[PDB]
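In: Just the first chains of my complex for now:
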Amino acid sequence: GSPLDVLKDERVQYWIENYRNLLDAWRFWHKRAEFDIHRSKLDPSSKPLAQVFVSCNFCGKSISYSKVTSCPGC
Amino acid sequence: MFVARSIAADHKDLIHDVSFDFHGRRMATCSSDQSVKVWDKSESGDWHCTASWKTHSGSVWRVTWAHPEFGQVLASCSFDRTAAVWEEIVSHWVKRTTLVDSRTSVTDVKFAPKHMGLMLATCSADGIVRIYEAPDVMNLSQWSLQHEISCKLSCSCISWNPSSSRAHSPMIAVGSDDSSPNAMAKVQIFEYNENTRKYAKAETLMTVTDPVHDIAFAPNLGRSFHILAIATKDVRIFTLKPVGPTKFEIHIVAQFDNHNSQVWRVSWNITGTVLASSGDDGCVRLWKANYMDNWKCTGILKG
């Protein structure tokens, strides 16, 4: 429950990232996800991981979020 | 606090270097007959062999790993003026590149921390330190040469700065083993300049005026300073504090003599609190900090 001013100091984030890397090294992978859930619930400043997404062949837009089967766009 | 055991692993020659991987499940060893072996662990706990191949023309000094986000990559440096890069295809390791820019024997090779890409620095016995990069991570046959550094001495060891914070510029440190009867400093540190895009000398440890066989940095873990370790006729630990290249307030916190010989290797652990040392008396010693921030010996193991 710290204020959003101190969670933006570029010294707490370094500590959190170092702890996550330590958890990765020991191959503790479910514990890291458990920590990530409880950290995203409290601190909303940080965005989650960025990955790939699937795009329609006729628009070029994303099919992410009216047949369930058809593209939401075209 | 430490107890020693023997490990079932058959070798026919004498081992020069040992190395580990990021998770601690593979290892690579290089022997006197110019052979490198890759050892895999198991759920039971035993070690098995997976590969064996002759590599160079002359003698092989070193072998080192790389981060698993780049694949399975190894690097070796030898006496015949080259350094090579090996990759695993599944299981037979193949060759990718051979760095031939040197004119004397290469003494040390080291991979760079992750956040700068896939980079590799070597050092020779003529006084040159070189740095390579690979702009495409899916084509390990194409490397490039980016920097050269002249040290005006005989290089014998290098080490990177593991810190990955946004406030630390890349750093590197170079030691010397020359026995020239003089009073020159044998450890200098080079720092990157983001403006001119070059490397520049930033500090020079003027109190180390004796032969040096190894240096090593220690992981940051979010501290306010840097910890350095030297391997000369005695073991010393320095600290650097941040205050054109930046300025530092170099202190000293440790100076041990308990070997009565010349110490050869120093290596840290994942957290950066315990130190290992190997001297010419056939024993391995471990050091730690204490409540009073005074370094005290922890264990003694005889090989």
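Out: Yes, it's here. Numbering: from 1, shown residues only, chains lettered A, B, ... in the order given.

In: ok, now how distant is the most centrally placed residue in chain A from residue A:41?
Out: Geometric centre of chain A, nearest residue: residue A:48, 1.4 Å, by Cα atoms, centre = their mean. Distance of residue A:48 to residue A:41, computed by Cβ to Cβ, to the nearest Å: 12 Å. Every residue, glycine included, has its C-beta placed from N, CA and C.

In: List the buried residues of stretch B:160-177.
Out: B:160-164, B:168, B:170-177 (16 or more other Cβ atoms under 10 Å in any protein chain shown).

In: Quickly check: that stretch near chain A or not.
Out: Yes. Applying Cβ under 8 Å from any Cβ of the partner chain, one finds stretch B:160-177 in contact with chain A at B:165, B:166, B:167.

In: my guess is the second one contacts residue A:11, does it?
Out: No. At 10.7 Å, residue B:166 and residue A:11 do not qualify as touching, with contact defined as Cβ atoms under 8 Å.

In: what about residue B:68, neighbour count?
Out: Neighbours of residue B:68 under the rule other Cβ atoms under 10 Å in any protein chain shown: 12.

In: For it, give me its contacts.
Out: With contacts defined as Cβ atoms under 8 Å, 6 or more residues apart in numbering or on different chains, the neighbours of residue B:68 are B:21, B:22, B:23.

In: Tell me the secondary structure at the closest residue in space to the last one that isn't next to it in sequence.
Out: I take that to be residue B:23. If the residues on either side of it in the chain are set aside, residue B:23 comes closest to residue A:27, at 6.1 Å by Cβ to Cβ, 6 or more residues apart in numbering or on different chains. Assigned with DSSP: H, G, I helix; E, B strand; the rest coil, residue A:27 falls in the coil class.

In: Surely residue A:27 and residue B:25 touch.
Out: No. At 9.1 Å, residue A:27 does not count as touching residue B:25 under the criterion of Cβ under 8 Å.

In: So between the two, which is more surrounded?
Out: Using other Cβ under 10 Å as the criterion, residue A:27 and residue B:25 rank with residue B:25 on top: 13 against 10.

In: Ignoring the adjacent residues along the chain, who's closest to the more buried one?
Out: Nearest to residue B:25 is residue B:41, by Cβ to Cβ, 6+ apart, at 4.8 Å.

In: can you count the residues close to the one you found?
Out: Neighbours of residue B:41 (other Cβ under 10 Å): 14.

In: With the one 5 residues further on instead?
Out: Using other Cβ under 10 Å, residue B:46 has 11 neighbouring residues.

In: Look up the closest residue to it, ignoring the ones flanking it.
Out: Using Cβ to Cβ, 6+ apart, the nearest residue to residue B:46 is residue B:8, at 6.9 Å.

In: Kindly incorporate the sequence below as chain C:
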Amino acid sequence: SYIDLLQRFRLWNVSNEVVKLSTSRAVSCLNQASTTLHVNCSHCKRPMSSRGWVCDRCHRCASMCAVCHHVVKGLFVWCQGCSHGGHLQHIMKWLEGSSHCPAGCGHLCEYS
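Out: This next block brings in chain C, placed alongside the chains you saw above:
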């Protein structure tokens, strides 16, 4: 006729085995029409090349596993709600013990 009879009984392995080794071109061309997926990098919003795991502009790997934090070169599972996923057998084991997106975006990926 054989393919239809097999599909009634819900045996897709045998049906696809027959389609693969069929002696006629018309049958062999049945699982080839419209079975290719297009994937894009969500940092730069650009299409990705047909063979590779590193973005052309961002110079970042995008096929990151959301559980094991390695690079995914083979099979990739995906959630259409929050656009997260990873290895085929990693997410499958994670989702039978919890009901949260492992990347931690506050999504209930099966809505249960």
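
In: quick recheck of the buried residues of stretch B:160-177 now chain C is there?
Out: Judged by neighbour count using 16+ other Cβ under 10 Å, the buried positions of stretch B:160-177 are B:160-164, B:168, B:170-177.

In: Please give the three-state secondary structure assignment for the residue in chain C positioned nearest to chain A.
Out: Nearest residue of chain C to chain A, counting by Cβ to the nearest Cβ: residue C:104, 3.7 Å away. Assigned with three-state DSSP, residue C:104 falls in the coil class.

In: Once you drop chain neighbours, what's closest to it?
Out: Closest to residue C:104 by Cβ to Cβ, 6+ apart is residue A:36, at 3.7 Å.

In: Let me know the helix or strand that the one you found is in.
Out: helix A:29-42 (DSSP states H and E).

In: How about residues contacting the following helix or strand past that helix?
Out: If you walk from helix A:29-42 toward the C-terminus, the next helix or strand you reach (DSSP H and E) is strand A:52-54. For strand A:52-54, contacts defined as Cβ under 8 Å, 6+ apart pick out A:62-64, C:37-42, C:48, C:62-63, C:76, C:78, C:80, C:83.

In: which one of those is nearest residue C:70?
Out: residue C:63 (9.5 Å; Cβ to Cβ).

In: burial count for that closest one?
Out: Neighbour tally, residue C:63, other Cβ under 10 Å: 21.

In: My guess is it contacts residue C:71. True?
Out: Yes. Contact criterion Cβ under 8 Å: residue C:63 and residue C:71 qualify, at 6.1 Å.

In: what touches both of those two?
Out: What both residue C:63 and residue C:71 touch, as defined by Cβ under 8 Å, 6+ apart, is the set residue C:53.

In: Can you name the residues that contact the closest residue to chain C within chain A?
Out: Residue of chain A nearest chain C, by Cβ to the nearest Cβ: residue A:36 (3.7 Å). Listed by Cβ under 8 Å, 6+ apart, the contact partners of residue A:36 are A:20, A:48, C:102, C:103, C:104.

In: Show the buried residues in those.
Out: By 16+ other Cβ under 10 Å, the contacts of residue A:36 give A:48, C:102, C:103, C:104 as buried.

In: how near is the last one to residue B:13?
Out: If I follow you right, that is residue C:104. Counting by Cβ to Cβ - residue C:104 and residue B:13 are separated by 50 Å.

In: which residues touch residue C:7?
Out: Residue C:7 neighbours (Cβ under 8 Å, 6+ apart): residue C:15.

In: Could I get the contacting residues of residue 33?
Out: Unless you meant another one, I'm taking chain A. C:66, C:67, C:94, C:102, C:103, C:104.

In: With distance to residue A:4 as added columns, please give these in JSON lines.
Out: Formatted as JSON lines, the contacts of residue A:33 follow (distance: Cβ to Cβ, whole Å):
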{"residue": "C:66", "distance to residue A:4": "26"}
{"residue": "C:67", "distance to residue A:4": "29"}
{"residue": "C:94", "distance to residue A:4": "30"}
{"residue": "C:102", "distance to residue A:4": "25"}
{"residue": "C:103", "distance to residue A:4": "22"}
{"residue": "C:104", "distance to residue A:4": "18"}
